[PDB]
Amino acid sequence: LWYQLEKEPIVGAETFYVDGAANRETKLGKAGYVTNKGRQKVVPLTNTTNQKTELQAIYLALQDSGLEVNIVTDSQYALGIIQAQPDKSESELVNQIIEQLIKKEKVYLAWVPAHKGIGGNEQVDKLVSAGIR
Ligand SMILES: O=C(O)Cc1cc(=O)oc2c(O)c(O)ccc12
Ligand SMILES: [Mn+2]
Ligand SMILES: [Mn+2]
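Heads up, the sequence shown is in the deposited numbering, so the first residue is 425 and it goes up one at a time.
Here it is as structure tokens:
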């Protein structure tokens, strides 16, 4: 079915490093990205969870990118959902992400381990984590 993930990075395409952070007690969160072209975004979230913020971040990257995009996440949870290539989810947010994925021409989704010195990943982590932490 209909959408396909690239097997290797798209050379020359904007690369979005995404992350989210949420506070357990307070349920406040942030989602965001930084790109290799100097683009950045951080949005505040309420009544959220870590996994929801990580999915929110990918949705933003998808909304704000062109038809070809590389996305680098540290979330295995999100990776799983997207690599599974579902038709429909019970989650509205996942369905929105799916809708956006179909509208892309090429999407590469990479995973990196959190807090292991990957440049872009550390950058966005610091962004979304500030004030939440
Ligand atoms: O790697 C970990 O310890 C858990 C973890 C998973 C994830 O998806 O995102 C994370 C993150 O953004 C952090 O700042 C710290 C830990 C995680
Ligand atoms: Mn993360
Ligand atoms: Mn982080």
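Even for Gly, the Cβ is constructed at its ideal location relative to N, Cα and C.
>> Rounded to whole angstroms, what is the Cα-Cα separation between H539 and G462?
In response: 21 Å
>> Nearest by alpha-carbon distance to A554: which of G504, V466, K512, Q500 is it?
In response: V466
> Looking only at its own chain, which residues have a Cβ that is under 6 Å from the Cβ of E529, when we skip the five neighbours before and after it?
Replying inline: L491, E492
>> Using the Cβ count rule (16 or more neighbours within 10 Å means buried), how would you classify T450?
In response: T450 comes out exposed.
> Quick one: Cα of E516 to Cα of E546, how far?
Replying inline: Cα to Cα, the separation comes out at about 29 Å.
> If you draw a straight line from the alpha carbon of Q475 to that of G444, how long is it in whole angstroms?
Replying inline: 8 Å
> If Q507 and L429 are in contact, beta carbons under 8 Å, what's the gap, nearest whole angstrom?
Replying inline: 7 Å
>> Can you list, in chain order, the residues of its chain with a C-beta nearer than 6 Å to that of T473? Leave out the 5 residues immediately preceding and following it.
In response: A446
> Which residues mark the beginning and the end of the alpha helix (DSSP H) in which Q547 is found?
Replying inline: 543-553
>> Going by the DSSP bridge assignment, what does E492 pair with across the sheet?
In response: In the DSSP output, where bridge partners are listed per residue, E492 has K530.
>> Suppose contacts are defined by Cβ-Cβ distances below 8 Å. Is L533 in contact with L503 by that definition?
In response: yes
>> Buried or exposed for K512, going by 16 or more other Cβ atoms inside 10 Å?
In response: exposed
> Cα-Cα, which of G544, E478, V536 is closest to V518?
Replying inline: Closest option to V518, judged by alpha-carbon separation, among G544, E478, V536: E478.
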